[PDB]
Structures are given as C-alpha cells and as structure tokens.
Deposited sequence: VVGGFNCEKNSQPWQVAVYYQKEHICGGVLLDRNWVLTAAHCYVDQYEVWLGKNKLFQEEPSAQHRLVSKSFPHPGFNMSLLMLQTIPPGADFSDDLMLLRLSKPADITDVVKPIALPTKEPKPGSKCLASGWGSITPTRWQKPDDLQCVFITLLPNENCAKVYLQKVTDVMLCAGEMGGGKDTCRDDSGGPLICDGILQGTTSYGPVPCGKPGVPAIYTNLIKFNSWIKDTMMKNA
C-alpha cells in the first residue's frame, strides 16, 4: 500500500498472503477454517497460502502454511479481459471474487482468526482500513512488514467520473481525494474493513497508485453473500 504504516503485530489476524509457489502474488481474507477469499484476477495454476504472517520475507514460527485443493472464481468475472494488454473503454470488472478451499483446515489461534461477512450496507463517509504487502512505491517495491492505510468510502459517482471502465453496483469506491494514500500492485484480494467490519476486497486502481482525485475500486461484499455461502455449503 502507498502512504500507509506498519500494522501492529498480529492486529489483522484474517489477513492472508497468497502465493504461486515461492512467490507472493496477492492478499486474501480468511473466512472459515477451510475457506479463504481473494480476487478472481489473481490467476495462476496452483495456489499456496500463508496465515499469521507479519513479515513477508522472514519465517515466523507462529505462522501457518497451507495448500489449496480447489479454487472457485465467481462465474461472473470476465476472464477474457486478462489477455488484454490495454483495458478497453467501458470494460466491466465486476465480480472480482474467488474462493480457495484449503486442503488441510487451519488452526484458529491468537495469531490466526477468520472475519465475519458483512451484514450492513456500506455507508459513504466511512473510515476504512486497507492492508497488504503490495508495493510501497506508486510505480514496484514490496515491504517486509504488512502495511495498513486508512481511507474514506466515497460515492460510486466519484469513481465513475474518473475511470473509463464501468463502475457498477457490485463495486465500492474509496481512497483519499488528496491522493498519496492508496492500495497498490499486489494488494489485490486484500480486505477493506470499514468501522470495524469487512465491507469488501481490493480489486483495481489508478496507475500510478494514489493518483490525486482518482479513488480505487473494491468489491461490494454484501452483494455476494449468497453466492459465497452457497459455494461453501455446497462444497464439502
């Protein structure tokens, strides 16, 4: 994240680190012992996840490593957009969710704890926290320590005004109009918590990150509650 700070040790127990083998690629959110939530755009052949991490590059004994048995990308995400080198005006990136079923259940401890799905609808003006090991430079340099930033939930209008892509109902708009604070490359899939509640996850934003006047796009989690639950329950 850009313009953030070092989250407190173990303050974000639900924060996940998604890997493609030995390489960190995204952020995630732990929802249940066998279920992690991330962005549908973190597309790779095999997945591995790290729970309880604070230092991305140092091995902490209280962390937990796990393999992923299967991934369930939302059926609404247009995968075809990924092959494109440039985003076509009017492109719709709605439904940027994906569920990952861990092969071996995770051990809920002091260090690892899931977070509950939201029940209320996001209210603009709200103070939200974003977290991750995404780049700390607007254009790329990852940090060791997990980063945290505070941002404001803004009306979708704000985002739709400045983007060429479609800003839909299943999206959220948040950031700092003054720029300088924003999520960035590889923060994807990470959690967005407002007034202490999980409201959505990091999806896409401006190039460069923190561009003044251009907020970032997050998934509106409330709109997906059914699909998630349905998938969890239907899949052993």
Note down, first to last, the deposited-sequence stretches for which the model contains no C-alpha atom.
140
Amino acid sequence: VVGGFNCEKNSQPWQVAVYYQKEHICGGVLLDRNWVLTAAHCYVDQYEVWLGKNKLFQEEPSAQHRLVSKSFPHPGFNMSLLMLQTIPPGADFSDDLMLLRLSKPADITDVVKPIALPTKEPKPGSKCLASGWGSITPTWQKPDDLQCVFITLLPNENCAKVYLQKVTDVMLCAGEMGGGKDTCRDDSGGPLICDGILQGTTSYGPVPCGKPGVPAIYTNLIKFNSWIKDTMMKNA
From here on, numbers count along this sequence of modelled residues.
Looking only at C-alpha temperature factors in the entry, 141-149 or 124-132, the higher average sits in 124-132
Quick check: 62-70 versus 38-46, which has the larger average CA B-factor in the record?
62-70
From the list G178, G205, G200, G27, select the residue with the highest C-alpha B factor recorded in the entry.
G178
Identify, among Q15, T219, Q21, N225, the residue whose C-alpha carries the highest B-factor in the deposited PDB entry.
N225
Consider only the C-alpha atoms of the modelled residues in this chain, order them by B-factor as the entry records it, and name the third containing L82: lowest, middle or highest.
highest
Chain-relative CA temperature factor third for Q165
highest
Mind checking which third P75 falls in for C-alpha B-factor across the chain?
lowest
CA B-factor placement of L154, once the chain's modelled residues are sorted into thirds
highest
Thinking about Cα B factors across the chain, which third does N6 belong to?
middle
